[PDB]
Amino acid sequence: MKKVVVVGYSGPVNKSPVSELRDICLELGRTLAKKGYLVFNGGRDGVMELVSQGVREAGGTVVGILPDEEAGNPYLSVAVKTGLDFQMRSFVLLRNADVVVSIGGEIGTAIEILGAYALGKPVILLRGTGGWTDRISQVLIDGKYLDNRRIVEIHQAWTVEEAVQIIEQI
């Protein structure tokens, strides 16, 4: 019932920088499924695909929120077409989160990380995964906030086990 949104790099699953993140992505997906959480993501490839595969492997449900004319990775329990472009799709995606977990990522993920914060959604950065997940950590205010209104705390975990632990810890 608790909903967690996962964001990260897009692009081919079999090539860098998402290929080096396979085990972490699959572990994250399976663990969320095992814990009974409903998983949401941007529905494309990359990290999104791998986490989905992991959730389905464990029999969990994963819902994809898709931009305009996209099909969705083959592991989606439900593929939701929006008709919206990438960025706006992301904001409707964020609305479905109780918590957001970030992995690597380029500009799209950065917008989602910042958006999750503006909407008061707790964010858990899975450190060591590169991209903006690690980059955004270098500009935190008081090591926990993305702006001076300290809307919600940005959390940091170096391990999937540490991540879920934080989700449970609210």
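Quick note: we count residues from 1 along the sequence shown, nothing fancier.
Stretches 105-113 and 138-146 differ in mean C-alpha B factor, with the higher average recorded for 138-146. When the two stretches 69-77 and 83-91 are set side by side, the higher mean Cα temperature factor goes to 69-77.
Among the modelled residues of its chain, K35 has a C-alpha B-factor that falls in the middle third, as given in the PDB entry.
Residue-level temperature factors show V4 in the middle third of its chain, judged at the C-alpha atom. Sort the chain's modelled residues by C-alpha temperature factor and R44 lands in the highest third, per the entry.
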